[PDB]
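J.:
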Ligand code: BCL
Ligand code: BCL
Ligand code: BCL
Ligand SMILES: CC[C@H]1c2cc3[nH]c4c(c3C)C(=O)[C@H](C(=O)OC)c4c3nc(cc4[nH]c(cc(n2)[C@@H]1C)c(C(C)=O)c4C)[C@@H](C)[C@@H]3CCC(=O)OC/C=C(\C)CCC[C@H](C)CCC[C@H](C)CCCC(C)C
Ligand SMILES: CC[C@H]1c2cc3[nH]c4c(c3C)C(=O)[C@H](C(=O)OC)c4c3nc(cc4[nH]c(cc(n2)[C@@H]1C)c(C(C)=O)c4C)[C@@H](C)[C@@H]3CCC(=O)OC/C=C(\C)CCC[C@H](C)CCC[C@H](C)CCCC(C)C
Ligand SMILES: CCCCCCCCCCCCCCCC(=O)OC[C@H](COP(=O)(O)OC[C@H](O)CO)OC(=O)CCCCCCC[C@H](Br)[C@@H](Br)CCCCCCCC
Ligand SMILES: CCCCCCCCCCCC[N+](C)(C)[O-]
Ligand SMILES: CCCCCCCCCCCC[N+](C)(C)[O-]
Ligand SMILES: [Cl-]
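Residue numbers (the UniProt record's numbering), protein chains in the order written: chain A, 2 to 282; chain B, 2 to 303; chain C, 11 to 251.
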């Protein structure tokens, strides 16, 4: 079925691979060569998870868990029941995500729009690959990757964090958190602002972007503007994920001790290092 | 490369924009500030004007007093030595009164009282600033969505600092003012409550925090992707749908099988964000008042 | 248990909220249609919301949504298959007919107004006190298409007054008439403005504006559509670079 205004845009073209061969829709969904690729990788992934369920002996989705090769395996392959499936499901996952980004590129080409979305998405994929591929490879084993389970991956988060003390003290992690909170601040403000203009006090006319600038100037002395705010949300959210990837890629590799202790470089700068008093003298 | 519209290629400037008047009391608006060519590559170059009536002066003043109350305590912790102040700045902490003082104000200045003064000033700064988000909207005839949204953030803050401490019977349960000390507090809060990963409201809050990043990445990327058809002019696209709004919908429809409108994506947005601190506030409020241990709770409640 | 009661209530609330949000997002484009533009049989489990009305400023009317959806323009496309879900081929020139990525919507044929009722976008020459403040000034630069041939010269920037930003370049053609190019589709370089989307032979076909010191919402859509359409439809003439 189509949106009222949709037919004019469903023209041939924009595919990256295979010409017209997969240039069609199923309901609302665009297919394309990367739709077929995503489906293949997803499907195989889900079947393999389902088989892992069988070998763990559960079907409960709060219990199903696919764990990577134990550290003894290094960067080699492992048997299906003992780490192998995870390795294959990770390949399938990566294939499905990257296929999803490339399908998005095909949809952009057909619609004549910029590629900002798949580009954005590629940061999420990079965060994922940091955790399951780059970080394991640099650390020397697939076992450092997180297991695929609803709760077990939370276990991995907590265990991984506490290996380095209170993970709060990872400085890249502080920057990452800051971007996440600031992004949520900006999302609230942005939604609220456009809606406050689109939905003014009862009986009144819609307000103008000029009212939106004025509101923020009256409130904080500055307005970033309608273009700026969309640039900002994109930057905050991508910066959040960039610093997330960063804060993990450095951990277990360039830094592996208690993160609290990293901060001593500052306290031991030689001018103030030996001055008595304060907390650290 | 295609131009991507992350930074502007050419900046233009005109007469300073002094803003809409509606019912605003113009006596209380500053003149315009300077223009920043640097900000201008990314957003608006113009700084100011700002509105500052009596509620604004109160909030600013009270906010500054909060900041000086902590500052003076830190300088004292530093033995009045600026070398030591910079060195140990992240280690200083203004701590609430000991458990023994309950909810009283009887604690010595050096051992609780200054924390109470600081919290007093912060309470006044935030609430008056809240009133200012409502009133500035009112003066322009706009809806009150910002003040409602801001109230969700105030909720989490009110819970950590005031409501939960009151319900537990002591100011000692509130958060210290300090960079490292408040992180330590956060860690300790989770340990002592059986691991906050087992709090369903904490899981929700994460879902929304991550989701806010998902959503603003999607939405910002989208508006930028259709900026070649005027997409960022959202109010007018609301009032008179254009090919920007249609291509944006259809990108998402073709990708994930459903889509938004130009007004409605802003409703997904306000809620995704606001639910971070709403659910987060519930989760903290219930911790130690009703549930001492989330792992335990979990074992008895799915 | 009060936590159990809280979490169970929250899920009920979130389900209601998602329902409400989805219905709000069906104020445009619904009911869903068949490829022939009649109402589809399956609309989904979400109903259309109750209509809302926006009172538009400057005597410009209201907008009530949802309402009767109509393209209000002919769509030069035809089916390429005997069943649902395949592309629809342009029946003439998709750039002139405005289909595919060259599509435009039939927005109001008036200009967007600002807070004070003045045209939001004006040529900089007509915008009191506006000037280029930083960046390469493009006025006077030759404009190059993706066939690497000169299509014309920049004669002004059209600026958004209330937002103080460049929105179009006004480009003069061989015959002395001008066209608007979206600023998002040009690359201002030290010695030229490069336009990847269009080869030089396609510039004359950019939709013109009926008054030279203002653009209407409808005209913006035709220009922006046409220019974006070139990424697909001028690809044969698009040299490597
Ligand atoms: C005890 C726990 C430690 C701790 C240990 C860790 C560890 C360990 C990690 C973090 C990481 C993060 N922590 Mg920390 N952290 C702690 C305390 C906190 C606090 C807090 C308030 O105290 C906060 C706010 C944060 C915040 C954060 C973020 C900066 C970052 C998580 C987001 C991320 O990486 O996204 C990136 C996004 C993704 C990975 C999503 C990828 C999605 C993919 C591409 C798509 C999937 C599709 C899906 C399968 C689709 C299904 C089908 C459809 C739904 C239909 N931490 C405590 C002190 N933290 C993580 C990080 O930085 O990772 C890089 C990390 O590994
Ligand atoms: C990012 C840093 C850590 C991490 C830290 C945490 C912490 C801490 C928490 C979660 C939580 C969640 N995480 Mg995790 N999580 C990580 C990596 C992932 C990946 C991945 C492929 O990289 C996925 C798919 C998930 C998925 C999830 C969800 C089960 C849950 C809600 C997230 C959410 O709403 O996000 C935002 C996205 C949306 C709102 C869009 C919808 C996404 C839906 C919900 C995803 C469904 C996933 C599905 C169950 C997975 C299987 C796919 C099928 C086989 C097809 N996480 C890495 C290891 N995650 C929370 C939880 O409650 O866990 C129980 C929680 O507290
Ligand atoms: C070891 C640490 C514990 C833990 C302990 C806690 C605790 C304790 C809390 C959280 C909370 C949260 N944690 Mg946790 N958390 C852990 C692990 C994680 C991980 C992870 C990947 O491991 C993640 C992603 C998170 C993520 C999250 C968030 C979803 C949530 C906070 C939301 C927010 O916006 O707050 C930030 C927003 C605010 C604080 C609102 C503030 C608003 C006020 C009004 C602003 C005043 C401004 C002031 C005047 C200064 C102004 C200066 C200006 C420039 C003028 N946690 C581990 C398990 N987490 C919070 C929560 O809700 O939990 C349920 C909370 O209390
Ligand atoms: C970079 C900034 C943020 C971001 C951006 C972003 N995400 C995106 C996009 C963008 C721009 C899209 O365009 C794309 C989209 O379509 O969204 C609707 C997407 C997307 N982000 C998604 C999720 C998601 N994003 C997240 C994060 C973020 N996304 C960042 C915070 C997170 C987390 C945990 O925070 C999640 C869970 C999906 C909704 C969607 C991508 C859908 C997709 O790739 O579909 C194809 C794959 C399948 C249908 C299933 C694959 C099945 C696998 C083969 C098996 C499962 C393996 C998996 C590793 C198991 C995990 C178990 C868990 C319990 C841990
Ligand atoms: C809904 C969830 C999210 C959220 C929402 C939210 N926050 C909000 C709002 C909303 C909707 C507002 O409307 C309000 C706002 O005004 O935003 C602009 C606010 C706000 N959120 C704020 C902060 C904040 N929000 C946060 C979080 C969140 N906010 C959540 C993630 C966080 C954290 C910890 O994550 C912080 C720190 C403030 C920016 C603003 C509330 C302002 C306030 O209450 O101020 C009172 C205090 C003062 C007035 C003291 C000010 C002192 C000045 C800095 C003096 C300047 C003088 C001079 C310039 C000095 C020279 C030196 C300088 C260079 C330093
Ligand atoms: C959100 C929490 C913090 C918010 C930030 C608040 C920052 C406070 C800024 C301090 C402003 C000081 C104002 C002094 C004004 C003054 O002395 O007189 C104004 C004087 C003359 O005015 P006039 O004679 O016209 O007086 C009024 C007249 O009678 C009626 O028209 O002119 C000026 O001084 C102008 C000064 C420029 C003001 C611009 C301030 C810009 C602020 Br700092 C912006 Br850059 C802050 C951005 C913060 C954004 C934070 C959001 C976080 C997400
Ligand atoms: C008890 C309620 C207060 C909420 C917690 C506030 C802690 C934030 C840390 C502020 C640090 C002090 N200072 C001056 C360095 O910013
Ligand atoms: C936050 C989780 C994602 C929300 C999912 C909302 C479901 C969308 C319903 C799609 C219905 C599409 N339809 C048939 C109306 O076109
Ligand atoms: Cl500057």
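We put the CB at the ideal spot given by N, CA and C, even for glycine.
Distance check for residue 178 of chain C and residue 17 of chain B, CA to CA, integer angstroms please.
T.: Residue numbering aside, residue 17 of chain B sits at position 16 when the second chain is read from its first letter. Residue numbering aside, residue 178 of chain C sits at position 168 when the third chain is read from its first letter. Cα to Cα, the separation comes out at about 22 Å.
J.: Where does residue 107 of chain C fall in DSSP's three states?
T.: The residue labelled residue 107 of chain C in the question sits at position 97 within the third chain. Here residue 107 of chain C sits in helix by DSSP.
J.: Any chance the stretch 29-48 of chain C sits against the stretch 262-269 of chain B, with 3 or more Cβ pairs inside 8 Å?
T.: Taking 8 Å as the limit for Cβ pairs, the verdict is that the stretch 262-269 of chain B does touch the stretch 29-48 of chain C.
J.: Can you tell me whether DSSP reads residue 99 of chain C as helix, strand or coil?
T.: In the third chain, the residue the question calls residue 99 of chain C occupies position 89. Three-state result, residue 99 of chain C: strand.
J.: Of the residues that make up the stretch 225-252 of chain A, which ones have a beta carbon closer than 9 Å to any beta carbon in chain B?
T.: For the stretch 225-252 of chain A, which is checked against every Cβ of chain B, the residues closer than 9 Å are 225, 226, 227, 228, 229, 230, 231, 232, 233, 234, 235, 236, 237, 238, 239, 241, 242.
J.: What's the gap between the Cα of residue 114 of chain B and the Cα of residue 107 of chain B?
T.: Here residue 114 of chain B is taken as the residue at index 113 of the second chain, counted from 1. Here residue 107 of chain B is taken as the residue at index 106 of the second chain, counted from 1. Each residue's Cα considered, the two are about 8 Å apart.
J.: Which runs of the alpha helix (DSSP H) spanning at least 4 residues fall entirely within the stretch 64-143 of chain A, listed in chain order?
T.: Entirely contained in the stretch 64-143 of chain A, the alpha helix (DSSP H) runs reaching 4 residues are, in chain order, 85-112, 117-130, 136-140.
J.: Which residues of the stretch 189-210 of chain C have a Cβ closer than 8 Å to any Cβ of chain B? Give them in chain order.
T.: Under the 8 Å Cβ criterion, the stretch 189-210 of chain C contributes 192, 193, 194, 195, 196, 197, 198, 206.
J.: Verify the contact flag: residue 34 of chain B, CB atom, against every heavy atom of ligand 6, threshold strictly below 7 Å.
T.: If you number the second chain from 1, residue 34 of chain B lands on position 33. Checking every heavy atom of ligand 6 against the Cβ of residue 34 of chain B, one is found closer than 7 Å.
J.: Identify whether residue 160 of chain A lies in helix, strand or coil by the three-state DSSP scheme.
T.: Within the first chain, numbered from 1, the residue matching residue 160 of chain A stands at position 159. Residue 160 of chain A falls in the helix class under three-state DSSP.
J.: Do residue 108 of chain A and residue 186 of chain B have their beta-carbon atoms positioned less than 8 Å apart in this structure?
T.: One-based indexing of the second chain puts residue 186 of chain B at position 185. One-based indexing of the first chain puts residue 108 of chain A at position 107. Going by C-beta atoms, residue 186 of chain B is not nearer than 8 Å to residue 108 of chain A.
J.: Whole angstroms is fine: what's the gap from residue 149 of chain A's alpha carbon to residue 44 of chain A's?
T.: To locate residue 149 of chain A, count along the first chain from 1; it is residue 148. To locate residue 44 of chain A, count along the first chain from 1; it is residue 43. One C-alpha to the other measures close to 16 Å.
J.: Check each candidate in C/74, C/30, C/19 and name the one with the smallest Cα separation from residue 55 of chain C.
T.: Taking the third chain and counting its residues from 1, one reaches residue 55 of chain C at position 45. Closest by alpha carbon: C/30.
J.: For residue 86 of chain C versus residue 102 of chain C, is the C-beta spacing smaller than 8 Å?
T.: Counting from 1 along the third chain, the entry for residue 86 of chain C is found at position 76. Counting from 1 along the third chain, the entry for residue 102 of chain C is found at position 92. In this structure, residue 102 of chain C lies closer than 8 Å to residue 86 of chain C by Cβ.
J.: For ligand 5, any of its heavy atoms closer than 7 Å to the Cβ of residue 101 of chain C?
T.: One-based indexing of the third chain puts residue 101 of chain C at position 91. Outside the cutoff, so no.
J.: To the nearest whole angstrom, what separates the beta carbons of residue 231 of chain C and residue 244 of chain B, a pair I think is in contact under 8 Å?
T.: Stepping through the third chain from its first residue, residue 231 of chain C is reached at position 221. Stepping through the second chain from its first residue, residue 244 of chain B is reached at position 243. The pair is a contact, with the Cβ atoms about 5 Å apart (cut-off 8 Å).
J.: Residues of chain B with CB closer than 8 Å to the CB of residue 178 of chain C, please, in chain order.
T.: As a position in the third chain, residue 178 of chain C is number 168, starting the count at 1. Here the premise fails: no neighbours, minimum Cβ distance about 10 Å.
J.: Per DSSP, what kind of secondary structure is residue 35 of chain C in: helix, strand or coil?
T.: Counting from one through the third chain, the residue named residue 35 of chain C turns up at place 25. In this structure, residue 35 of chain C counts as coil in the three-state DSSP scheme.
J.: Helix, strand or coil: which one does DSSP assign to residue 25 of chain A?
T.: The sequence position of residue 25 of chain A within the first chain is 24, counting from 1. In this structure, residue 25 of chain A counts as coil in the three-state DSSP scheme.
J.: When the Cα atoms are used, what is the spatial distance from residue 191 of chain C to residue 228 of chain C?
T.: Counting from 1 along the third chain, the entry for residue 191 of chain C is found at position 181. Counting from 1 along the third chain, the entry for residue 228 of chain C is found at position 218. When rounded, the distance between both Cα atoms is 15 Å.
J.: Would a check of beta-carbon distances place residue 124 of chain C closer than 8 Å to chain A?
T.: If you number the third chain from 1, residue 124 of chain C lands on position 114. Interface residue, yes.
J.: Could you check which residue in B/74, B/86, B/147, B/50 has the C-alpha nearest to that of residue 274 of chain A?
T.: Stepping through the first chain from its first residue, residue 274 of chain A is reached at position 273. Of the listed residues, the one whose Cα sits closest to residue 274 of chain A is B/86.
J.: What is the chain-ordered set of residues for which the beta carbon lies under 6 Å from any non-hydrogen atom of ligand 9?
T.: Ordered along the chain, the selected set is B/37, B/38, B/39.
J.: Using alpha carbons as the reference points, say which of C/165, C/206, C/238, C/97 lies closest to residue 136 of chain C.
T.: By one-based count along the third chain, residue 136 of chain C stands at place 126. Among C/165, C/206, C/238, C/97, the Cα nearest to that of residue 136 of chain C belongs to C/165.
J.: Check the Cβ-Cβ distances between residue 156 of chain C and every residue of chain B, and say whether any is below 8 Å.
T.: Against the third chain, residue 156 of chain C aligns to sequence position 146. No, no contact with chain B.
J.: How about residue 29 of chain B and residue 65 of chain B: do their beta carbons lie closer than 8 Å?
T.: As a working note, residue 29 of chain B is residue 28 in the second chain. As a working note, residue 65 of chain B is residue 64 in the second chain. No, Cβ-Cβ distance for residue 29 of chain B and residue 65 of chain B is not below 8 Å.
J.: Please work out which residues of its chain come closer than 6 Å, Cβ to Cβ, to residue 49 of chain B, disregarding the five sequence neighbours upstream and downstream, and give them in chain order.
T.: Against the second chain, residue 49 of chain B aligns to sequence position 48. Cβ within range, chain order: 31, 33, 34.
J.: When DSSP labels each residue in this structure, what does residue 100 of chain B get in the three-state scheme?
T.: Translated into positions along the second chain, residue 100 of chain B becomes position 99. Reduced to three states, the DSSP call for residue 100 of chain B is helix.
J.: Taking a contact to mean a Cβ-Cβ separation below 8 Å, would you say residue 264 of chain A touches residue 171 of chain A in this structure?
T.: On the first chain, residue 264 of chain A is found 263 positions in, with the first residue counted as 1. On the first chain, residue 171 of chain A is found 170 positions in, with the first residue counted as 1. Going by C-beta atoms, residue 264 of chain A is not nearer than 8 Å to residue 171 of chain A.
J.: Can you find at least 3 beta carbon pairs, one from the stretch 269-280 of chain B and one from the stretch 166-181 of chain B, that sit closer than 8 Å?
T.: Not touching, per the Cβ criterion.
J.: Answer with buried or exposed for residue 221 of chain C, where buried requires no fewer than 16 other C-beta atoms within 10 angstroms of its C-beta.
T.: Looking up residue 221 of chain C in the third chain gives position 211. That one is exposed.
J.: Under three-state DSSP, which class holds residue 165 of chain A?
T.: Stepping through the first chain from its first residue, residue 165 of chain A is reached at position 164. Three-state result, residue 165 of chain A: coil.
J.: Would you call residue 124 of chain C buried or exposed, if buried means 16 or more other Cβ atoms sit within 10 Å of its Cβ?
T.: Along the third chain, one-based indexing puts residue 124 of chain C at 114. When all chains shown are included, residue 124 of chain C counts as buried.
J.: Report the residues of the stretch 97-112 of chain A with a CB closer than 9 Å to any CB of chain C, ordered along the chain.
T.: Listed in sequence order: 110, 111, 112.
J.: Return the first residue and the last residue of the alpha helix (DSSP H) that residue 62 of chain B is part of.
T.: Looking up residue 62 of chain B in the second chain gives position 61. Where residue 62 of chain B is concerned, the enclosing alpha helix (DSSP H) stretches over 55-78.
J.: Under 8 Å, with one C-beta from each stretch per pair, do the stretch 228-238 of chain A and the stretch 206-224 of chain B reach the 3-pair mark?
T.: Yes: the two stretches touch, three or more of their Cβ pairs being nearer than 8 Å.
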